Amino acid sequence: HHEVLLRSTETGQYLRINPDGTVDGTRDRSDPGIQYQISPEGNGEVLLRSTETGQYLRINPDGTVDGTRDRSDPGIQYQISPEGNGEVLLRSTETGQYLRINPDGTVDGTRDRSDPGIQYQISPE
């Protein structure tokens with residue numbers, strides 16, 4: 001299905017959207033909530049849709065991260081920005097916040113371009 005995994009370059013943790021719409025990080029490569037489809041929006045924007053539950057990764061204005069079913073719900077548009085050597089940043093267009101996965105497996109938004117938790121590998125399933 002051309003699914004991809006979104007993996008922290010820092011810790012190797014995978015971004016997971018859970019059936020309850022919560023989002024966190026896990027090392028469990030077998031978890032069904034870590035597969036995504038990149039949804040082209042055009043103009044350099046994409047949505048990141050969890051395949052198991054059809055939810056889009058959302059970064060909320062308050063800096064919290066969760067999932068949503070509704071593609072018009074803002075906060076779900078991203079710019080995938082290559083850094084080099086196959087590492088990328090995932091920048092939410094609405095607010096300009098980067099998607100951050102922290103070493104403890106919590107996931108939130110940040111503007112700190114230097115934070116080690118905003119770098120990802122995107123790999124084919």
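Structure determination for the deposited model, as stated in its record, used X-ray crystallography, and the stated resolution is 1.7460 Å.

For the protein chain, the PDB entry supplies the name DE NOVO PROTEIN 6XTYR/PV2 and the organism Synthetic.

Caption draft 1: Examining the pairing of strand β9 (residues 87-92) more closely. Where strand β8 (residues 78-84) meets β9, 6 bridges bridge the pair, whose relative direction is antiparallel. The residue bridging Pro82 from the neighbouring strand is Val88, located in β9. Turn length for the β8-β9 hairpin, with the two strands adjacent in sequence and antiparallel, is 2 residues, and the turn residue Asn85 shows positive phi of about 55 degrees. Direction of pairing for β9 relative to strand β12 (residues 119-124): antiparallel, over a ladder of 3 bridges. The partner of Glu87 across the bridge, within β12, is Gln121.

Caption draft 2: View of the pattern of salt bridges. The final tally for this structure, using the stated rule, is 9 salt bridges. A salt bridge links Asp108 to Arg100; the nearest nitrogen and oxygen atoms lie 2.8 Å apart. One exposure class covers both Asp108 and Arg100, and it is buried. The shortest N-O distance in the salt bridge between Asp115 and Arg100 comes to 3.0 Å. In this pair, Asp115 is assigned in the loop between β11 (107-110) and β12 and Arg100 in strand β10 (residues 98-101), connecting sequence segments 15 residues apart. According to the relative accessible area criterion, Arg100 is buried, its value standing at 16%. By sharing partners, the salt bridges in this structure join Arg16, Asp24 and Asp31 into a single network.

Cut-off values and rules
- Residues numbered from 1 in each chain as written, not as in the entry; some residues may be left out.
- Heavy atoms only, no water.
- Pairing = 2+ DSSP bridges.
- Helix = DSSP H or I, 4+ residues; strand = E, 2+ residues; numbered from the N terminus.
- Salt bridge = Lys/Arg side-chain N within 4 Å of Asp/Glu carboxyl O.
- Buried < 20%, exposed > 50% of the residue type's maximum accessible area, 1.4 Å probe, protein only.

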